[PDB]
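**Q** Sequence lines, in order, name chains A and B.
When we follow the deposited numbering, the leftmost residue of the first sequence carries the number 187, and every step to the right adds one.
When we follow the deposited numbering, the leftmost residue of the second sequence carries the number 187, and every step to the right adds one.
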Amino acid sequence: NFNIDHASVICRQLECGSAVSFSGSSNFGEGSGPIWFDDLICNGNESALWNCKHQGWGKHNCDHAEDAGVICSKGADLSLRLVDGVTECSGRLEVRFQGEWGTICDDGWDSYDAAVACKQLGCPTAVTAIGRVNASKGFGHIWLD
Amino acid sequence: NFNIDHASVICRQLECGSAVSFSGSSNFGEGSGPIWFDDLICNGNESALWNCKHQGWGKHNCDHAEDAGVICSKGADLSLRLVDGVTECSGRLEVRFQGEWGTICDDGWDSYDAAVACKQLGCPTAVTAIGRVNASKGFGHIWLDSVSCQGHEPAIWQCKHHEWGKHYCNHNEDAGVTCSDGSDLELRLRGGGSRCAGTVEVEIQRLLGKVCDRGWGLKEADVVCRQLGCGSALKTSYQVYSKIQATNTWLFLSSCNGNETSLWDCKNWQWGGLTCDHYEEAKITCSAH
Ligand SMILES: *[C@@H]1O[C@H](CO)[C@@H](O)[C@H](O)[C@H]1NC(C)=O
Ligand SMILES: *[C@@H]1O[C@H](CO)[C@@H](O)[C@H](O)[C@H]1NC(C)=O
Ligand SMILES: *[C@@H]1O[C@H](CO)[C@@H](O)[C@H](O)[C@H]1NC(C)=O
Ligand SMILES: [Ca+2]
Ligand SMILES: [Ca+2]
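(1) Which residues in chain A have a C-beta closer than 8 angstroms to the C-beta of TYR354(B)? List them in chain order.
(2) Indicate whether at least one CB of chain B lies closer than 7 angstroms to the CB of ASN213(A).
(3) Between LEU200(A) and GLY261(A), what straight-line distance do the alpha-carbon atoms span, to the nearest angstrom?
(4) On the criterion of 16 or more Cβ atoms from any shown chain inside 10 Å, does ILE257(B) qualify as buried, or is it exposed?
(5) Write down every uninterrupted run of the beta strand (DSSP E) in the stretch 254 to 279 of chain A whose length is 3 residues or greater and which is fully enclosed by it, in chain order.
(6) By the 10 Å Cβ neighbour count, where 16 or more other Cβ atoms means buried, how is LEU266(A) classified, buried or exposed?
(7) Around ligand 1, what residues have a beta-carbon under 7 angstroms from a heavy atom of it, in chain order?
(8) With 7 angstroms set as the bound, which would you pick, yes or no: does the beta-carbon of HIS327(B) sit closer than that to a beta-carbon of chain A?
(9) By alpha-carbon positions, which one of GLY326(A), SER194(A) and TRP222(A) ends up nearest to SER209(A)?
(10) Buried or exposed, going by whether 16 or more other CB atoms sit within 10 Å of the CB of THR289(A)?
(11) Going by DSSP, which residues form a beta bridge with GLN456(B)?
(12) Can you grab the Cα-Cα spacing for the pair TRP236(B) / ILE221(B), in whole Å?
(13) Span of the beta strand (DSSP E) holding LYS346(B)?
(14) Between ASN231(A) and ligand 3, is there a pair consisting of the residue's CB and a ligand heavy atom that are separated by less than 6 angstroms?
(15) What are the start and end residues of the beta strand (DSSP E) that includes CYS472(B)?
(16) Along chain A, in chain order, which residues have C-beta atoms closer than 8 angstroms to that of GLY351(B)?
(17) Note down the Cα distance separating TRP455(B) from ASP225(A), rounded to an integer number of angstroms.
(18) If you compare alpha carbons, which of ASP296(B), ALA432(B), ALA312(B) and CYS304(B) is closest to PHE438(B)?
(19) Please find out if some non-hydrogen atom of ligand 4 comes closer than 6 angstroms to the beta-carbon of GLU216(A).
(20) Between which two residues does the alpha helix (DSSP H) harbouring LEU404(B) extend?
(21) Check whether the Cβ atoms of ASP399(B) and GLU446(B) lie closer than 7 angstroms to each other.
(22) Which residues mark the beginning and the end of the alpha helix (DSSP H) in which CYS365(B) is found?
(23) Tell me whether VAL386(B) sits in a helix, a strand or coil according to DSSP, three-state version.
(24) At a cut-off of 6 angstroms, would you count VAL333(B) as near ligand 5, judging by its Cβ distance to the nearest heavy atom?
(25) Suppose you measure from the CA of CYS275(B) to the CA of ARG392(B); what does that come to, to the nearest Å?
(26) Assign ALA321(A) to one of three DSSP states: helix, strand, or coil.
(27) Exposed or buried, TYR424(B), counting other C-beta atoms within 10 Å across all chains shown (16 or more means buried)?
(28) Can you tell me which residues form a DSSP beta bridge with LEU371(B)?
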C-alpha cells in the first residue's frame, strides 16, 4: 500500500526535495528487517510520516516480503544539455532522467521556460528564444511535458 | 566482456552446476567495493578461472550498478510461458523468478528478442512478431527490462538486460510475442468498391484487426498493393461504398524501405499490445482499381 504521496512526505522529511520516482515491491531487497509503518493515510503535505495522521502505530499486517524505496530530486542525476545546434547555446534540449537522455514536449514551452534553461546551462540570457533551430527530432523518451 | 562461457566456470567453481542464467546489470546488489579481475579471456571448459588465460593486465572503470552476478543451475526456478493469447504461440510473456510470476517490460523489445523467446518455448520461428495481442496488462512484478539479444542465445536470461525486479516500467507496457509458421497471416482491403481500394484489414491467426496510420505513407502502401498484386499505390484514401466492422486489435509499423515483397517482411511490426486513438486506420487506393 505504497503511494506517490507517501514518498513526498518521506522526501520532505529528509529535506531531499520532491519525489521524482518511487520503487515498489521488493525493489531494493527481499523483505527483511523490522517493519514498522505501513497502511497510514497521509494528506501529502505533512512534514514527517509519524507526525502525519495514521490509523495507529503498528496497525499493519504486511506480507509478500517487499521493501520500499524512493528516489528524490537530489537523488536523481538530473542534467540538462543542448544538442544538434549551430553553437553551444542553440539546439534541442535534452534532460537525463533515470540515467537515459530524453527530450521535452513542445506543449507550454515559452520564453519564460527558455529563460530558465539558458541561465541554467550557463549560456547568455540577453536574448532567449524557443525553437530547436536546425536540430532534428530525437529518438529517446520524452520525460517532461 | 562477461561472456557466458566463463560464467559457467564461476558456477562450477562453487560446486553449483552450470550457469543457467547470468544476472544482467548487477542483479544481486550494488557494486560496493573495488575490482581485481577484469577482461580475462577464458574458454569456459576450464575447471576454474584460476588456471585460465589471464591475457592482459589492466584496470578500467565500470558503473557501480554494472557489475557481475551469476545464477547457478541448482538455484534455478526460471521458466517462460504465454498467457491470454489467441492461440498457444501468442500472448503476454511471463518469467518465473523466486517462485513468482512476473511480466517483461517492452523497452528494448524487438524481433531479435522475440526469435529467442519463440525458439525457447518451442513455437514455430518462421515469423516472429513483437507485441501482446488480445491480452491485458499483467499483474505483479516486472522482472526483465531492456533485454538485448543478438539472435543466437539459447534463452532470454542469457542475454544482456537490467537488474531483476527494479525497473521504471509500467504494467501498461507489457511484452508479448506472436510466433508463426507464416501460414495464418492474411491481408485484405474492404469497403472501397474493389479489392484494390479500401481499408487495410489484417487477420493473423483467425483474429481480425487493422493497421494504424501513425507512420503510414505511400512507401508503406506500395508494399501492400504489391503484395495483393494491384500495382503501385496512388493515394492514402478511397471513396467508400460500404461499412466495415470495428475491431479492437491493431498492427503497428515502424518503417519500410518500399521494396519489400510482403508486409510481414518489414522490420519490427507489432501485433497488438498498444492502442492508437489520436490516429485512424490505414487506407489505400492502388493503381489497378
Ligand atoms: C545544424 O547546423 C549546425 C551548424 O552548421 C551543424 O553542425 C549541424 O550538423 C546541423 N544539424 C543538422 C541536423 O543538420
Ligand atoms: C482473447 O481472445 C481469446 C480467444 O477468443 C479469449 O479467450 C480471451 O478472453 C481474449 N482476451 C481478452 C479479451 O483479453
Ligand atoms: C531493398 O533495399 C534495401 C536498401 O537498399 C536493400 O538492402 C535490400 O536488399 C533490398 N531488398 C530487396 C528484396 O531488393
Ligand atoms: Ca515503452
Ligand atoms: Ca533488444
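No residue lacks a Cβ here, since even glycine has one placed at the ideal position from N, Cα and C.
**A** Straight from the coordinates:
(1) Result: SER207 and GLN284.
(2) Taking Cβ atoms only, chain B reaches closer than 7 angstroms to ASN213(A), which makes this a yes.
(3) C-alpha separation (whole angstroms): 11 angstroms.
(4) Classification of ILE257(B): buried, given that the 10 Å Cβ count is 16 or more.
(5) Runs found: 255 to 258 and 265 to 269.
(6) Classification for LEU266(A): exposed.
(7) Those satisfying the condition are, in chain order, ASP270(A), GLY271(A), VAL272(A), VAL319(A), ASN320(A), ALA321(A) and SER322(A).
(8) At least one chain A Cβ lies under 7 angstroms of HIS327(B).
(9) Residue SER194(A) holds the alpha-carbon nearest to the alpha-carbon of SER209(A) among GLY326(A), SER194(A) and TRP222(A).
(10) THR289(A) should be labelled buried.
(11) DSSP output for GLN456(B) lists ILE316(B) and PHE438(B) as bridge partner(s).
(12) Looking at the two C-alpha atoms, the distance is approximately 16 angstroms.
(13) For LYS346(B), there is no enclosing beta strand (DSSP E), as DSSP marks it with neither H nor E.
(14) It does not: the Cβ of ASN231(A) is nowhere closer than 6 angstroms to a heavy atom of ligand 3.
(15) Taken as a continuous stretch (DSSP letters only), the beta strand (DSSP E) holding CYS472(B) covers 469 to 472.
(16) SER211, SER212 and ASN213, listed in chain order.
(17) Note on geometry: alpha-carbon atoms of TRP455(B) and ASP225(A) lie some 43 angstroms from one another.
(18) When only C-alpha atoms are compared, the closest one is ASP296(B).
(19) Taking 6 angstroms as the cut-off, the C-beta of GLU216(A) does not count as close to any heavy atom of ligand 4.
(20) That run of the alpha helix (DSSP H) goes 404 to 414.
(21) Against a cut-off of 7 angstroms, the Cβ pair of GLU446(B) and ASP399(B) comes out as no contact.
(22) Where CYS365(B) is concerned, there is no enclosing alpha helix (DSSP H), although the beta strand (DSSP E) it sits in stretches over 362 to 366.
(23) Note: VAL386(B) maps to strand in three-state DSSP.
(24) Result yes, Cβ under 6 angstroms from ligand 5.
(25) About 13 angstroms.
(26) Of the three classes helix, strand and coil, the one that applies to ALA321(A) here is coil, per DSSP.
(27) Buried: at least 16 other Cβ atoms inside 10 Å.
(28) Bridge pairing for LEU371(B): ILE390(B) [DSSP].
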